[PDB]
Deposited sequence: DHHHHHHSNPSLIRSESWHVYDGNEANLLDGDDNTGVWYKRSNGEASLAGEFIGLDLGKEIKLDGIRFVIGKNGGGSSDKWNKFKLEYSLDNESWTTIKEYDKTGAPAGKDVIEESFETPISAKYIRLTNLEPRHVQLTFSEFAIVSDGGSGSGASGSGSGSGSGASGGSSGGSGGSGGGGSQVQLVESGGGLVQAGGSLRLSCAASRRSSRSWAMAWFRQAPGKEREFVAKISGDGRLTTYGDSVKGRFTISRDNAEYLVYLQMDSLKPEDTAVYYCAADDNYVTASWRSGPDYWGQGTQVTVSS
């Protein structure tokens, strides 16, 4: 019975992985990444077949329901292996430009390939939070902003976060990053105007951190360089219709749940 294998750096954010092996194209999973937002080349997801078998084709469904932010990889391969060490490329893909949403990857093997594992592997870095719906073989109430990237980092390092959304608004929004360290008040960290042209920074981070967004892909990014331990905190991303009020706790009309960042000495 086929089980799911995938890059260890991903955490499940919504949904659960059983959804991926269930036959429904409308159940899915949304993944944050653990140490920095961008999916590296090398990263993979796909399935362990239990034992060597003779595949007549496959049907993997990547991305998920919703308008929302781009959710798939750009350049990837479909590869199968017998020893989980050595892999063999069946097909390269370029989905650069693809709209957000389910994409059905349905491949057909005229000549039944024989393999114990089969997966998709990223080929180039990809700054977007990945979602997926279904993975199988052929053997004949609202809106959420979501932050991602973020874990343990060494003093003086860099780490980068990303905010994505489940639906695409028809208006422009100012986006902002705040942080809260335990038992303290939520601080302002940075904001950016809807069109990207105006940005300001809290005093603590000026120089080190950089905010930015990509509207085509529908994500916002915070780059933290030269980190310190007093940077430890949960980081929230927030959406405000008014750039002037975007750097005030009582400004953002929409908040993410936050991603925890710790910097050790």
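- Residues of the deposited sequence lacking C-alpha coordinates fall in the stretches 1-8, 149-181, numbered from 1.
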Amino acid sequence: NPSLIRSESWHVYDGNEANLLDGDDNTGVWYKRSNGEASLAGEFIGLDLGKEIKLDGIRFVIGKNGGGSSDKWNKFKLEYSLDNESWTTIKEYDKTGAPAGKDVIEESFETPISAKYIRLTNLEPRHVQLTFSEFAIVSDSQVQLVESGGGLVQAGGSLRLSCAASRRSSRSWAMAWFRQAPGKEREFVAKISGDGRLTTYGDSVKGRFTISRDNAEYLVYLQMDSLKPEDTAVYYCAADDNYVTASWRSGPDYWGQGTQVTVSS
From here on, numbers count along this sequence of modelled residues.
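- When 103-111 is weighed against 161-169, 103-111 comes out higher, by mean CA B-factor as recorded in the entry.
- Two stretches are in play, 78-86 and 170-178, and the higher mean C-alpha B-factor belongs to 78-86.
- Remark: of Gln129, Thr121, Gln154, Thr96, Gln154 shows the highest value [criterion: C-alpha B-factor in the PDB entry].
- Out of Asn26, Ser70, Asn35, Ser212, it is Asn26 whose C-alpha atom has the highest B-factor in the PDB entry.
- Among the modelled residues of the chain, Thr262 sits in the middle third by CA temperature factor in this PDB entry.
- In this PDB entry, the Cα temperature factor of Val189 sits in the bottom third of its chain's modelled residues, the lowest group.
- Compared with the other modelled residues of the chain, the Cα B-factor recorded for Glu92 ranks in the middle third.
- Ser39 sits in the lowest third of its chain by CA B factor, as recorded in the PDB entry.
- Ranked within its chain, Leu55 lands in the highest third, by CA B factor from the PDB record.
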